[PDB]
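All remarks here apply to the structure that follows.
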Amino acid sequence: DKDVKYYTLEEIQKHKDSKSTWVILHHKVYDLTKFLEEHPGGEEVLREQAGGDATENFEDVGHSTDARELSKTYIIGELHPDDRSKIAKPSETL
Ligand code: HEM
């Protein structure tokens with residue numbers, strides 16, 4: 001039906017290059033690997049954001065109510081509860 005796969009910052013961060021363009025959004029992990037070109041906005045912005053925060057960019061943009069469901073298709077795992085208690089807070093920002 002679906003499950004997560006709680007992954008840590010480091011693990012996710014490794015999955016940025018070549019063949020696993022993962023990202024953290026809101027408080028959970030997405031794969032956008034095949035989505036790269038499909039993404040009606042551009043690859044490059046994703047690849048820049050790859051294994052970094054990209055919600056902070058997405059949210060300002062305010063993605064469509066459709067992407068909101070499709071997101072749950074791209075979802076890979078959740079943000080491990082380890083770092084969660086920290087989220088050594090990017091001090092801000094957007
Ligand atoms: C890594 C985080 C993401 C960033 C930084 C990002 C950024 C962008 C940008 C800059 C655009 C173009 C907006 C414009 O030209 O005005 C866009 C459009 C779009 N994105 Fe993303 N995106 C992200 C993740 C996603 C995901 C996961 C999905 C699918 C759930 C998605 C679905 C879409 C759709 C449907 C559009 C078209 C919006 C429209 O023109 O109506 N994006 N995105």
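Each chain in the structure tokens gets a letter, A, B, ..., in the order shown, and its residues are numbered from 1; ligands are numbered from 1 in order too.
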
**Message:** Going by DSSP on the backbone, which residues of chain A come out as strand (DSSP E)? List them as a PyMOL selection string.
**Reply:** chain A and resi 22-25+28-31+75-78

**Prompt:** Residues at most 12 Å from ligand 1, using only C-alpha atoms and all ligand atoms? Could they come as number ranges by chain?
**Reply:** A: 16, 21-26, 28-76

Give me a file of those residues, with C-alpha atoms, as a short mmCIF file (atom, residue, chain, number, x, y, z; two decimals), in the first residue's frame.
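Written output follows (out.cif):
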```cif
data_model
loop_
_atom_site.label_atom_id
_atom_site.label_comp_id
_atom_site.auth_asym_id
_atom_site.auth_seq_id
_atom_site.Cartn_x
_atom_site.Cartn_y
_atom_site.Cartn_z
CA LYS A 16 22.08 13.06 -4.69
CA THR A 21 18.36 12.24 -7.03
CA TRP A 22 16.69 12.10 -3.61
CA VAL A 23 15.67 15.19 -1.58
CA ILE A 24 14.16 16.11 1.79
CA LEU A 25 10.76 17.84 1.53
CA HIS A 26 8.73 19.09 4.58
CA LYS A 28 10.21 13.27 4.52
CA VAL A 29 12.34 11.87 1.66
CA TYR A 30 11.48 11.91 -2.06
CA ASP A 31 13.12 10.24 -5.05
CA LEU A 32 13.09 12.51 -8.13
CA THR A 33 15.53 10.39 -10.25
CA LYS A 34 13.33 9.48 -13.22
CA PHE A 35 11.24 12.56 -12.42
CA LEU A 36 14.27 14.76 -13.37
CA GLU A 37 13.19 15.34 -17.01
CA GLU A 38 9.43 14.71 -16.50
CA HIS A 39 9.33 17.60 -13.96
CA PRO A 40 7.43 20.40 -15.80
CA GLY A 41 9.76 23.10 -14.44
CA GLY A 42 13.26 21.76 -15.15
CA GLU A 43 15.88 19.18 -14.16
CA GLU A 44 18.62 21.57 -13.15
CA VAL A 45 16.86 23.26 -10.23
CA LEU A 46 16.19 19.73 -8.85
CA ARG A 47 19.78 18.59 -9.36
CA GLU A 48 20.99 21.77 -7.57
CA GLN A 49 18.62 20.96 -4.69
CA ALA A 50 19.49 17.20 -4.79
CA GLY A 51 20.03 15.70 -1.31
CA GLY A 52 19.47 19.22 0.14
CA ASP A 53 16.32 21.00 1.33
CA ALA A 54 14.05 21.79 -1.56
CA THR A 55 10.76 22.36 0.31
CA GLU A 56 12.22 25.76 1.15
CA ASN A 57 12.17 26.50 -2.64
CA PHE A 58 9.00 24.54 -3.59
CA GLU A 59 6.87 26.23 -0.89
CA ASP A 60 7.66 29.80 -2.00
CA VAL A 61 6.63 28.62 -5.48
CA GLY A 62 3.48 26.91 -4.07
CA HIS A 63 3.13 23.78 -6.22
CA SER A 64 -0.24 22.80 -7.68
CA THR A 65 -2.88 20.72 -5.86
CA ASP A 66 -2.13 17.83 -8.32
CA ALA A 67 1.60 17.55 -7.50
CA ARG A 68 0.31 17.24 -3.91
CA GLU A 69 -0.90 13.66 -4.70
CA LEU A 70 1.86 12.78 -7.19
CA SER A 71 4.33 13.67 -4.41
CA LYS A 72 3.15 10.54 -2.58
CA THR A 73 4.16 8.53 -5.66
CA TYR A 74 7.68 10.12 -5.55
CA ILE A 75 7.96 9.67 -1.73
CA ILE A 76 10.87 7.30 -0.84
#
```

**Asked** What are the DSSP helix (DSSP H, G or I) residues of chain A, as a ChimeraX atom specification?
**Response** /A:9-14,35-38,43-49,55-61,67-74,81-86

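What separates atom CA of residue 93 of chain A from atom CA of residue 19 of chain A is a distance of 28.5 Å.
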
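Take atom CA of residue 18 of chain A and atom CA of residue 89 of chain A: the distance between them is 28.0 Å.
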
**Prompt:** Excluding same-chain residues fewer than 3 positions from residue 27 of chain A, what lies within 10 Å of it counting only C-alpha atoms, as number ranges by chain?
**Reply:** A: 24, 53, 55, 77-81, 84, 87

**Separation of atom CA of residue 90 of chain A from atom CA of residue 11 of chain A, in Å and rounded to one decimal** = 18.9 Å
